[PDB]
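Working notes, beginning with the structure itself.
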Amino acid sequence: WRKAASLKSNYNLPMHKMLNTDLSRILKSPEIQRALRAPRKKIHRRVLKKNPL
Amino acid sequence: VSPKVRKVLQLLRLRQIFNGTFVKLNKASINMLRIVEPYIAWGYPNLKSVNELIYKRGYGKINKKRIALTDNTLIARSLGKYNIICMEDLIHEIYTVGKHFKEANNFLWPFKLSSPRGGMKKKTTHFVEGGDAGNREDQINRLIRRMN
Amino acid sequence: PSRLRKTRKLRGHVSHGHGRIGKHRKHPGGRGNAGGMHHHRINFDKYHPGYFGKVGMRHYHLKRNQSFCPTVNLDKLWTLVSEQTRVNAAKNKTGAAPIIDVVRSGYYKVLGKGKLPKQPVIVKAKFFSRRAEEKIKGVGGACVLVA
Amino acid sequence: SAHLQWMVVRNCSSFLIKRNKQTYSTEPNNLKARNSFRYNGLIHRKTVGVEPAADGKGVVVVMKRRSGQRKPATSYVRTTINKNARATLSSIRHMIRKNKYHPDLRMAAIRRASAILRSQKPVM
Amino acid sequence: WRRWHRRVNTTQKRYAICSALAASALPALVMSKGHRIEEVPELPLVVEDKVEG
Amino acid sequence: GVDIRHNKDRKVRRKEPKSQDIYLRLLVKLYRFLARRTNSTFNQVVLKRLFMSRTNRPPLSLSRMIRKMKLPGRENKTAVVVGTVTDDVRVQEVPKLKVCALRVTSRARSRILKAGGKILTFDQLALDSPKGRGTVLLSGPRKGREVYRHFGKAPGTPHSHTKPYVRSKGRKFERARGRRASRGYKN
Amino acid sequence: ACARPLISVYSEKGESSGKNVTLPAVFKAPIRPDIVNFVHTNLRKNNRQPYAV
Amino acid sequence: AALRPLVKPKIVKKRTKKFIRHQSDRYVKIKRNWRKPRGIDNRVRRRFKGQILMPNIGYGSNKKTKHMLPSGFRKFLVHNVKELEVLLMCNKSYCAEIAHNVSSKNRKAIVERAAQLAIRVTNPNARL
RNA sequence: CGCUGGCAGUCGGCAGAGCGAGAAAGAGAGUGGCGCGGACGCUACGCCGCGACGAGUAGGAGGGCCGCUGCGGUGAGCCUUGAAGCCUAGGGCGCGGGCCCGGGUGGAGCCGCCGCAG
RNA sequence: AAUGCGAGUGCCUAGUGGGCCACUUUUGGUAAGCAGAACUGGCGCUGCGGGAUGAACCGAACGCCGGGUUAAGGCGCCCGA
RNA sequence: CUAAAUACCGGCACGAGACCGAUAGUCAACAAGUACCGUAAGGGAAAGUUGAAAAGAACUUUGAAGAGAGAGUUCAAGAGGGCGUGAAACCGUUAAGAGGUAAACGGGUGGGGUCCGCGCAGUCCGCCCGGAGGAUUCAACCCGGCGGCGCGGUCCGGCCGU
Ligand SMILES: [Mg+2]
Ligand SMILES: [Mg+2]
Ligand SMILES: [Mg+2]
Ligand SMILES: [Mg+2]
Ligand SMILES: [Mg+2]
Ligand SMILES: [Mg+2]
Ligand SMILES: [Mg+2]
Ligand SMILES: [Mg+2]
Ligand SMILES: [Mg+2]
Ligand SMILES: [Mg+2]
Ligand SMILES: [Mg+2]
Ligand SMILES: [Mg+2]
Ligand SMILES: [Mg+2]
Ligand SMILES: [Mg+2]
Ligand SMILES: [Mg+2]
Ligand SMILES: [Mg+2]
Ligand SMILES: [Mg+2]
Ligand SMILES: [Mg+2]
Ligand SMILES: [Mg+2]
Ligand SMILES: [Mg+2]
Ligand SMILES: [Mg+2]
Ligand SMILES: [Mg+2]
Ligand SMILES: [Mg+2]
Ligand SMILES: [Mg+2]
Ligand SMILES: [Mg+2]
Ligand SMILES: [Mg+2]
Ligand SMILES: [Mg+2]
Ligand SMILES: [Mg+2]
Ligand SMILES: [Mg+2]
Ligand SMILES: [Mg+2]
Ligand SMILES: [Mg+2]
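Chains as they are written, first to last, in the entry's author numbering: chain A, 267 to 319; chain B, 100 to 247; chain C, 2 to 148; chain D, 2 to 125; chain E, 108 to 160; chain F, 2 to 188; chain G, 2 to 54; chain H, 2 to 129.
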């Protein structure tokens, strides 16, 4: 990525769109984890409407 | 259905047959109920009629979703800024037309009522012609118990 | 890929996407540019204004090579020479001005559109425009004509 | 990375079977044998495999060491557990929990190890 | 005179060469091609120059 | 039944990128997690712009980047680009710039790194500022494409400067009847 | 990434020799199976022979 | 000694008859396989009373009991012995059908392995 | 169809198990007065939860683990201990296009998955 | 002011360009299941309950089902009441 | 006057194919520009497959014979000289059911059949308790091997750094 191809005229290695691709280690990093809200993992299913009358 | 009448029936939120809604009355409301007069049957509800309607068919419009009013938190989360925090506050603001009647009435979903038990008299004619359409003043409660 | 085309989803539908009343006939309005005056006049006037008629003088044996005059603006004037040509004059103290030959880079006329950096130039060109030479004189420079 | 090569192998792998509205994987270290990111036995740096022994009895537990990742000859360590049905279930659970080695596969390893021991019993 | 042949940009051909070469040094990607390389000592398998002889 | 109209029930908008490239699809996973797990609206805009087509993320010129980061108040900030940062060669001085983009061209990268700034990717931006704080979102000119000169009111209509579709331009290519007061009329 | 390891050159007998070559930067290029498929299925049409009735 | 599934819920099917093609009874050239009628005057696609019904989406089976055999299992097609170690961890919800082109010699070995792996075979006495 | 809804928190003896609640924001840090144990999950193109809705000619769009033929890869795929094809008051799956098994007939080739092409 | 509803905007674009019927208004004609208009709703494109039958009338519009209740119509027998 | 680079669905000799597979592909896979038609110019088909090997059914018997019945060949005549596989339309016979609003159909049941469940004493799984048994057996220690982790706050040595 710093030295061009010598047997080709003008070719370089292509650039990376995403350097660190291990998004598991990206996501469970303390930099990201502190700037998150609490997870809402409680399932609230529908309530059978009883007649109050 | 005529287009002018379709627009008023949508502004009254009556998009389906046997739907019911609470409307406060003034000149601007009577002149719209006159336009939709042969297609509706309106009247003056009792306090027990409001109690039956809000307790049995009361659904709230919360995040554009028809949510059953099974707990007072559901009312208090949306109408709590107008000091309406329970079923009793909702019934009070509906029955006595208060300051936040527009918000309290628009929070309620339009009432999805059944077919009238016993039967209709005549759908196509006015109430004073021995039918059903138009203004039945004290007799909307008799339809409310058989339709609710 | 014929498997991605519309024809494979049109098997079973009788008119093949072309209508029951107005069928897919062969040429129901003429062939090609037919009826530009008569029955496609609204399209030809609403989308192709000026299509009918004669404008201007004729030139019989026109060869494009005589009027060859490629142009470069002054905002591209410093891209024709190398970067160490430009920065050496910036670090230079004797006031020597680099020479840009635009005919060598393949341009004949210099037009003046963009800015010039505050440093002297000697631009050799076949043609110059007025604002191009005044933007070179204002930054301090020479406009040398070549043939 | 594991996610990066999962995005390659999620649909065009040679271990993938897609028939009868189900999907699986014939991968060597895929315990539960299903095609998923968590259970894939070759994209991860730490994998656990539970297989039957070469002879009739025993359960072979295979891990992947962290050092040789591009070196598949010496990458996997293998142990043979020819014991009773309960101490192997304590042993594999210890090997995962105490070593903290890919801890979300412990009950899957125990459920595979129970099935191998059930399969090595005499049939009725 | 159907268009039998397609032309591909040289930079994309080289890019595909780089993507195919970089995928051949990864374990899971060559396993998922089905090659039996469980006992291969190193995945960039490099040998000496007397093999050409 | 109800008398509602189902014409506009399905909104057309993008839920996912149409592209199948797996490096973009991992950044989509990252910012999809971030947009729902943070209350920052920056991650929502970045995630929505990652879905978009190539014409909906036009490239920025370096000169437009210099002028949009030269504004007062926005010093020492990260310019965030969803499209491509291309070089603009009609500018001589490049100050240092902290850059986050999907793509940076090879000659713009050299000029930025020679100026002394940094070029990040979007995973690096997610690690640095997870909520995108101290950032300036930028986008290219969307009407910069040549396709938009042929759009609008039709040519051959009064007060419509719309470019027509011609096979070539010249003296005798649509310049006579709808264009001259001499020949016919002029709109 | 950027970390280029040191691959070992193996002898013809299968054991490692003393020679080590650093990993070329080609093997850290991005993996794009969509572009590899696009290049392959367009360049594979170029060896075809015409057929006609 | 039958192999029970994990659960056996009650299977509700909204329709058990096939959806036969319109006028597949007056002709042999018209097969039983369903074709949606698209005629201008067709009394079947206009949903006239007392005619052949059309396969709408409302007839769709419950997703919990969809593709499930009356024994309570779902089915997987198996060609060789190696495809059973695929199914051993999906044991109490998916069962095996040996494919028709598998010979009897290998079909004996498949059901022999399925017996010790406790995988149910829908056709264990198939060829012999 | 919408909520451009929720889940990377499976954070475990380097542990402390939560974000449904009417009321913008932190179960924050410091500074002074025995028993070795804990179901499932997550093909994130996946899984899950709330509501509302469902006519259709001409026509348009999307999804097909619907179907036919051939090619590049791939199933240490199937096969004279019986392939393709055909027949069947047999057992089934799928809303459907269709498909898988059982029996018979037959005697030599055939299919699944990822892409490509007509 | 009341009531109600998330809106705004840009490309590309098929089919169609024979229509017909009804309350009211209305032209020509003795009149027409005639010819020609305005408004709205239908049929065409649409099944269902009723008018015995039935393009348009009355009611009501349609995913697959169970329970309950109705509309317009009916309740001697056909034929539910 | 003048070579070369350029053209080539005819001819001779070749090679190949993401082409077609006997209603396809040339009209023509075969005694095909043949049989046949038209005075003529011209028009112009249909038509592949026993078996591995003819081993192509000797002999007995009825009939004038075509045809059968035995016998025999073959892995197989359920391959018998237009013979591989042998569908549908149509027909013969057997078996079952039915029958005065032409037949057929959709929904809902009922009856009779044909087969299937290889049904006909009815599911196992985990823990605990009790009772009869059997092992070369548990924990804890010792030795050796392997693996994981190490903020070994900062142990020694290497490798890499868009
Ligand atoms: Mg009653
Ligand atoms: Mg009326
Ligand atoms: Mg259509
Ligand atoms: Mg037609
Ligand atoms: Mg069309
Ligand atoms: Mg037309
Ligand atoms: Mg056309
Ligand atoms: Mg004219
Ligand atoms: Mg509906
Ligand atoms: Mg619709
Ligand atoms: Mg729409
Ligand atoms: Mg019609
Ligand atoms: Mg529909
Ligand atoms: Mg049959
Ligand atoms: Mg017409
Ligand atoms: Mg008329
Ligand atoms: Mg319509
Ligand atoms: Mg209608
Ligand atoms: Mg009548
Ligand atoms: Mg009902
Ligand atoms: Mg009657
Ligand atoms: Mg000459
Ligand atoms: Mg060749
Ligand atoms: Mg032929
Ligand atoms: Mg044939
Ligand atoms: Mg034949
Ligand atoms: Mg045979
Ligand atoms: Mg035969
Ligand atoms: Mg043969
Ligand atoms: Mg035959
Ligand atoms: Mg009989």
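Ideal Cβ placement from N, Cα and C applies to all residues, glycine included.
Among the residues of its own chain, which have a CB less than 6 angstroms from the CB of residue i, if the five just before and after it don't count?
{"i": "residue 1 of chain F", "result": "A question about residue 1 of chain F goes unanswered here, because the residues of chain F that appear run from 2 up to 188."}
{"i": "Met-69 of chain H", "result": "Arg-75"}
How many angstroms separate the CA atom of residue i from the CA atom of residue j?
{"i": "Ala-86 of chain D", "j": "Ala-109 of chain D", "result": "16 angstroms"}
{"i": "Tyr-158 of chain B", "j": "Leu-207 of chain B", "result": "6 angstroms"}
{"i": "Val-87 of chain H", "j": "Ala-34 of chain D", "result": "6 angstroms"}
{"i": "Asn-286 of chain A", "j": "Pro-59 of chain F", "result": "25 angstroms"}
{"i": "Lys-9 of chain H", "j": "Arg-16 of chain H", "result": "20 angstroms"}
{"i": "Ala-88 of chain D", "j": "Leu-118 of chain D", "result": "12 angstroms"}
{"i": "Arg-37 of chain F", "j": "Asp-129 of chain F", "result": "18 angstroms"}
{"i": "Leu-75 of chain C", "j": "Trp-267 of chain A", "result": "34 angstroms"}
{"i": "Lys-114 of chain C", "j": "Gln-67 of chain C", "result": "25 angstroms"}
{"i": "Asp-156 of chain E", "j": "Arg-15 of chain F", "result": "55 angstroms"}
{"i": "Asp-124 of chain F", "j": "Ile-292 of chain A", "result": "8 angstroms"}
{"i": "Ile-18 of chain D", "j": "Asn-81 of chain H", "result": "13 angstroms"}
{"i": "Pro-73 of chain F", "j": "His-41 of chain G", "result": "51 angstroms"}
{"i": "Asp-10 of chain F", "j": "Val-81 of chain F", "result": "34 angstroms"}
{"i": "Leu-114 of chain F", "j": "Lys-269 of chain A", "result": "16 angstroms"}
{"i": "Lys-94 of chain C", "j": "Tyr-277 of chain A", "result": "39 angstroms"}
How would you list, in chain order, the residues of chain G whose beta-carbon sits under 8 angstroms from the beta-carbon of residue i?
{"i": "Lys-283 of chain A", "result": "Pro-31"}
{"i": "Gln-21 of chain F", "result": "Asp-35"}
For residue i, I'd like the list of residues in its chain whose CB is within less than 7 angstroms of its CB, leaving aside the five on either flank, ordered along the chain.
{"i": "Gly-42 of chain D", "result": "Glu-28, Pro-29, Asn-30, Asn-31, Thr-48 and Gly-50"}
{"i": "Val-46 of chain F", "result": "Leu-138"}
{"i": "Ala-109 of chain F", "result": "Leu-63, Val-86, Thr-87 and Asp-88"}
{"i": "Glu-192 of chain B", "result": "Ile-183, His-199, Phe-200 and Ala-203"}
{"i": "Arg-180 of chain F", "result": "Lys-187"}
Short of 8 angstroms in beta carbon distance, which residues of its chain neighbour residue i, apart from the five on each side in sequence? Order them along the chain.
{"i": "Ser-120 of chain D", "result": "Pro-53"}
{"i": "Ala-148 of chain C", "result": "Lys-127"}
{"i": "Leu-85 of chain H", "result": "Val-79, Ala-97, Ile-111, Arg-114, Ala-115, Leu-118 and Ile-120"}
{"i": "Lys-221 of chain B", "result": "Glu-228, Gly-229, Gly-230 and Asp-231"}
{"i": "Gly-107 of chain C", "result": "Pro-71"}
At a CB-CB cut-off below 9 angstroms, which residues of chain D make contact with residue i?
{"i": "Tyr-95 of chain H", "result": "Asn-21 and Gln-23"}
Would you mind telling me which residues of chain C sit closer than 7 angstroms to residue i, beta carbon to beta carbon, in chain order?
{"i": "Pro-156 of chain F", "result": "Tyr-48 and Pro-50"}
Give me the chain D residues within the contact set of residue i, using Cβ-Cβ distance strictly less than 7 angstroms, ordered along the chain.
{"i": "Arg-26 of chain F", "result": "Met-8"}
Check: Taking three-plus beta-carbon pairs below 8 angstroms as touching, is the region 30-39 of chain G in contact with the region 112-131 of chain E?
Finding: yes
Item checked: Complete runs of the alpha helix (DSSP H) confined to the region 62-104 of chain C [at least 4 residues] -> 84-92
Notebook entry, point to check: Counting only runs that start and end within the region 41-109 of chain F, where is the beta strand (DSSP E) found for 3 or more residues in a row?
Noted result: 79-82, 85-87 and 99-101
Notebook entry, point to check: When the Cβ atoms of the region 155-165 of chain F are set against those of the region 33-49 of chain C, are three or more pairs found closer than 8 angstroms?
Noted result: yes
Check: Counting Cβ pairs, one atom from each stretch, are 3 or more of them under 8 angstroms apart for the region 278-298 of chain A and the region 21-33 of chain F?
Finding: yes
Checklist line | Validate contact between the region 70-79 of chain D and the region 148-158 of chain E using beta carbons, cut 8 angstroms, 3 pairs | finding: yes
Checklist line | Contact the region 5-21 of chain G vs the region 129-149 of chain E: 3+ CB pairs below 8 angstroms | finding: yes
Next item on the list: Could you name each continuous alpha helix (DSSP H) segment of 4 residues or more that falls completely within the region 48-114 of chain D, going from the start of the chain to the end?
Entry: 88-98
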